[PDB]
Amino acid sequence: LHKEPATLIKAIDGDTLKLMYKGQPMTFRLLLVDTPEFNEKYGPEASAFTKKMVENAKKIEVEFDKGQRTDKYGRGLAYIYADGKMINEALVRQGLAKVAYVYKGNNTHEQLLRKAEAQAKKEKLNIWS
Ligand SMILES: Cc1cn([C@H]2C[C@H](OP(=O)(O)O)[C@@H](COP(=O)(O)O)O2)c(=O)[nH]c1=O
Ligand SMILES: [Ca+2]
């Protein structure tokens, strides 16, 4: 896999954001995770977490997996990095997302994320509290 440039347009919530990619606005959905919706427990916290990471970032990158790059809603499906730190992994490590939506063929970072979730679970963080 490889990282490609993008710039932030707008934070949306814990696991979605609007980025400019190859010069075009698109909404991205984070691969392999599920944050609570804003109206759910920890939703506001997940939103804030992702917003801070992307807004503070000097460099945002998107990394597609090997499979589908757009979902049925037209959202880009990627791993998204802020100054080299993967947001998908960071949310999970903090107990602000569950590993979820693991579809065959777009699952390159599955085991990395599951290891993060185990450690969040051990620490009884947030969702796991
Ligand atoms: C993360 C992800 C979501 N989706 C689809 C599955 C779910 O369909 P349904 O809308 O029919 O439930 C939805 C969940 O996204 P959200 O968690 O953003 O609601 O997005 C994908 O198809 N591929 C993906 O990799
Ligand atoms: Ca969600």
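Draft legend 1. Molecular detail of the pattern of salt bridges. Throughout the structure, instances matching the rule amount to 7 salt bridges. Here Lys51 and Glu55 are joined by a salt bridge, their closest N and O atoms 3.7 Å apart. Of this pair, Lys51 and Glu55 both sit in helix α1 (residues 43-56), separated by 4 residues, roughly a single helical turn. Its relative accessible area of 46% is what places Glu55 among the partly exposed residues. Here the residues in one salt-bridge network are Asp15, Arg29 and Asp34, joined through shared partners.

Draft legend 2. The arrangement of the site of ligand 1 in detail. In the vicinity of ligand 1, the contacting residues are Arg29, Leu30, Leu31, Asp34, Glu37, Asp71, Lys72, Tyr73, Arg75, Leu77, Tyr101 and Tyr103. A distance of 2.8 Å is found between an oxygen atom of ligand 1 and a side-chain nitrogen or oxygen belonging to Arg29. One of the side-chain nitrogen or oxygen atoms of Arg75 is found 2.8 Å away from an oxygen atom of ligand 1. Here ligand 1 has 550 Å² of accessible area as a free molecule, and 73% of this is covered by the chains. Structurally, ligand 1 is housed in the largest pocket. Class assignment of the residues belonging to the shell around ligand 1 gives a composition of 6 nonpolar, no polar and 6 charged.

Draft legend 3. Here's a closer look at the packing of aromatic side chains. Within this structure, the stated rule accounts for 4 aromatic pairs. Taken together, a centroid distance of 6.1 Å and an interplanar angle of 90° make the contact between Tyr21 and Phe28 edge-to-face. As far as the burial class goes, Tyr21 and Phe28 line up, both buried. Grouping aromatic residues by their ring pairs yields a cluster made of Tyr21, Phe28 and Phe64. The ring centre of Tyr81 lies 4.0 Å from the NZ or CZ of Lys3, which sits over that ring.

Draft legend 4. View of the coordination of the calcium ion (ligand 2). Summarising the metal site, the calcium ion (ligand 2) is bound by the protein donors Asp15 (OD), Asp34 (OD), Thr35 (O) and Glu37 (OE), whose distances to it range over 2.7 to 3.1 Å. Spacing between the donor residues of the calcium ion (ligand 2) along the chain follows D-x18-D-T-x1-E. Classification of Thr35 as buried rests on a relative accessible area of 3%.

Criteria and cut-off values
Residues numbered from 1 in each chain as written, not as in the entry; some residues may be left out. Chains lettered and ligands numbered in written order. Heavy atoms only, no water. Salt bridge = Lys/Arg side-chain N within 4 Å of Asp/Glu carboxyl O. Helix = DSSP H or I, 4+ residues; strand = E, 2+ residues; numbered from the N terminus. Buried < 20%, exposed > 50% of the residue type's maximum accessible area, 1.4 Å probe, protein only. Near = heavy atom within 4 Å. Polar contact = N/O pair within 3.5 Å; in protein donor to acceptor, adjacent residues only side chain to side chain. Areas by Shrake-Rupley, 256 points an atom, 1.4 Å probe, with all protein chains shown as cover. 1 Å grid on protein atoms, 1.4 Å probe; cavity = no way out; pocket = protein on both sides within 12 Å on 5 of 7 lines; lining within 4 Å. Sits in = over half its atoms within 2 Å of the grid points. Nonpolar A, V, L, I, M, F, W, Y, C, P; charged D, E, K, R; others polar. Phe/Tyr/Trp six-rings, centres within 6.5 Å; stacked < 30°, edge-to-face > 60°. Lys NZ or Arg CZ within 6 Å of the ring centre and 35° of its normal. Donors = N, O, S within 2.8 Å, 3.2 Å for Na, K, Ca; no water.

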